[PDB]
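**Q** First piece of the complex, coordinates kept as in the full assembly:
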Amino acid sequence: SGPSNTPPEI
């Protein structure tokens, strides 16, 4: 099960 990136973005 993959990652779900949180804000803040880069």
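**A** Sure, I can see it. Residues are numbered from 1 along each chain as shown, chains lettered A, B, ... in the order given.
**Q** the strands in chain A, which residues?
**A** Using DSSP state E, no strands are found in chain A.
**Q** Quick check, central residue of it?
**A** residue A:5 (0.4 Å; CA atoms, centre = their mean).
**Q** Now do the contacts for that residue.
**A** If you count contacts by CB atoms under 8 Å, 6 or more residues apart in numbering, residue A:5 has none. C-betas here are computed from N, CA, C, even on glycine.
**Q** Stretch A:1-10: how far from the chain's middle?
**A** Chain-centre distance of stretch A:1-10: 0 Å, with CA atoms, centre = their mean, to the nearest Å.
**Q** mind checking the end-to-end distance for that stretch?
**A** Start and end residues of stretch A:1-10 are separated by 22 Å (CA to CA, to the nearest Å).
**Q** List the buried residues of that stretch.
**A** Residues of stretch A:1-10 include none that count as buried (16 or more other CB atoms under 10 Å).
**Q** Angles on the backbone of the residue nearest to the centre of chain A, please.
**A** Phi and psi for residue A:5, reported as degrees, to the nearest 10, are phi -70, psi 140.
**Q** Quick one: end-to-end distance for stretch A:2-10.
**A** 19 Å.
**Q** Sequence for chain B below, add it please:
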Amino acid sequence: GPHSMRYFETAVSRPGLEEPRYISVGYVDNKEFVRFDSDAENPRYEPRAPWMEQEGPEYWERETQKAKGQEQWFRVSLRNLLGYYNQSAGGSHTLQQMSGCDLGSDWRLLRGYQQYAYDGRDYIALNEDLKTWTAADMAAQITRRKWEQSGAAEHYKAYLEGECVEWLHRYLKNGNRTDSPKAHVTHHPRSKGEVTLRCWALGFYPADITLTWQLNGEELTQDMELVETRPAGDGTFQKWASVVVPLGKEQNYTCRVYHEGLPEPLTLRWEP
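**A** Alright, chain B goes in next:
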């Protein structure tokens, strides 16, 4: 063994009004098991190993929804990166991500990973403590400042210690394996009274392997030629190693193949 899961993600911007292309690939123990590609007909996560075909459509829909989230987060990041490096917008850039966990034989987290690269170069990476970031770069300090202020490390830590680990386990139970190498040596002429001996290992899985040449019990690490392990295309691998020896002295050299599917390492010589 040292079990692992990885997700490898890439967004590549394109000139002329196109959305970036986003590809995500999941790996269990270095073998590809899922894949999402935004260029596809109806973009969704698809199974890439047989043992994923048991999952219900809820699994796919959920993963597919995450990917649409990542696609967007990647797209906004790319835009920001362009501004951080003072770059023009005619062009083509990449953002890559590596995420995952390493588990022990006891099913316990050994190490979690969270790394990014911009245009193929290290950008920012979560350290082994899972609380601090190492930024490789002037621009990546900007990013590091934001994520320290927001506590983003906590979010990634929770995913790596929890979900990543639990799902790796679930996938291993779902997937319960080696293929031993078949080895042989070939003989090849050279000039000036010399010969090449080549030790081949073929049809092996997993990819990890060691090949050594011996002269009278002493290892020839020095002048051994070695190719990078290569895929055969059928899910197995290939490798070879070679030494230049004097003509007529071939029987003095022994090849040894070390692979985890083998009862004992293989030991062999040139057999005319």
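**Q** and the buried residues of stretch A:1-10, now that chain B is part of it?
**A** Within stretch A:1-10, the residues that count as buried by 16 or more other CB atoms under 10 Å in any protein chain shown are A:1-6, A:9-10.
**Q** Same list as before, those that is, but in a markdown table and with distance to chain B included.
**A** Below are those laid out as a markdown table (distance: CB to the nearest CB, whole Å):
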| residue | distance to chain B |
| --- | --- |
| A:1 | 4 |
| A:2 | 5 |
| A:3 | 5 |
| A:4 | 5 |
| A:5 | 5 |
| A:6 | 4 |
| A:9 | 5 |
| A:10 | 4 |
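**Q** Following the chain past the helix or strand encompassing residue B:23, name the next helix or strand.
**A** Using DSSP states H and E, residue B:23 falls within strand B:21-28. The helix or strand immediately downstream of strand B:21-28 is strand B:31-37, counting by DSSP H and E.
**Q** elements contacting whichever helix or strand comes after that following strand?
**A** Scanning forward in sequence from strand B:31-37 by DSSP H and E, the next helix or strand is strand B:46-47. Judged by 3 or more CB pairs under 8 Å, 6 or more residues apart in numbering or on different chains; DSSP states H and E, strand B:46-47 is in contact with strand B:31-37.
**Q** chain center to the strand it packs on: distance?
**A** 12 Å.
**Q** Identify the residues contacting it?
**A** For strand B:31-37, the surrounding residues in contact (CB atoms under 8 Å, 6 or more residues apart in numbering or on different chains) are A:2, B:21-27, B:43-49, B:51-52, B:63-64, B:67, B:171, B:206.
**Q** go ahead and place chain C:
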Amino acid sequence: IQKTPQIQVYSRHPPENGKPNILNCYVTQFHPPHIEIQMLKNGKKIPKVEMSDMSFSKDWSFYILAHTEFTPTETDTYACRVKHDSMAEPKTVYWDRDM
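**A** Following on from the chains above, chain C is added here:
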């Protein structure tokens, strides 16, 4: 930023003249991901060449496997030609059945 492709050309099975087989062109270690790969038989482009999906490695660099059906013979010559932005002009690597 540009990283130069490394190429191996080799068959899936041990080659026997006249027995059908698969010929592989394994292209690794490159950046950026856009690449053009051709497989050639006696200097001429081979049609219907299978191309794996794109992947990258732990060092961030991209790799790709191209393959095709082929029947080796004593005198048929095979190669793999790669166009990429890291090289001035295309790189051709010829199949050597001993390697």
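**Q** once more on the contacts of residue A:5, with chain C this time?
**A** So residue A:5 contacts B:69-70, B:73, B:97 (CB under 8 Å, 6+ apart).
**Q** at 6 Å instead, please
**A** residue B:73 (CB atoms under 6 Å, 6 or more residues apart in numbering or on different chains).
**Q** any idea how far residue B:213 is from it?
**A** Using CB to CB, to the nearest Å, residue A:5 is found at 47 Å from residue B:213.
**Q** Look up how far residue B:126 lies from the residue nearest to the centre of chain A.
**A** 12 Å.
**Q** what do you get for residue C:61?
**A** 21 Å.
**Q** Looking only at neighbour counts, state which of those two leads.
**A** Counted by other CB atoms under 10 Å in any protein chain shown, residue C:61 and residue B:126 do not tie: residue B:126 has more neighbours, with 22 against 19.
**Q** Ramachandran angles for the spatially most central residue of chain C?
**A** By CA atoms, centre = their mean, chain C has its centre lying nearest to residue C:25, at 2.3 Å. Dihedral angles of residue C:25 (phi, psi; degrees, to the nearest 10) stand at phi -130, psi 100.
**Q** and it, what does it touch?
**A** C:9, C:39, C:66, C:80.
**Q** Of the residues you listed, which belong to strands?
**A** Those of the contacts of residue C:25 lying in strands (DSSP E): C:9, C:39, C:66, C:80.
**Q** What sits closest to the third one if chain neighbours are left out?
**A** So the one you mean is residue C:66. residue C:25 (4.3 Å; CB to CB, 6 or more residues apart in numbering or on different chains).
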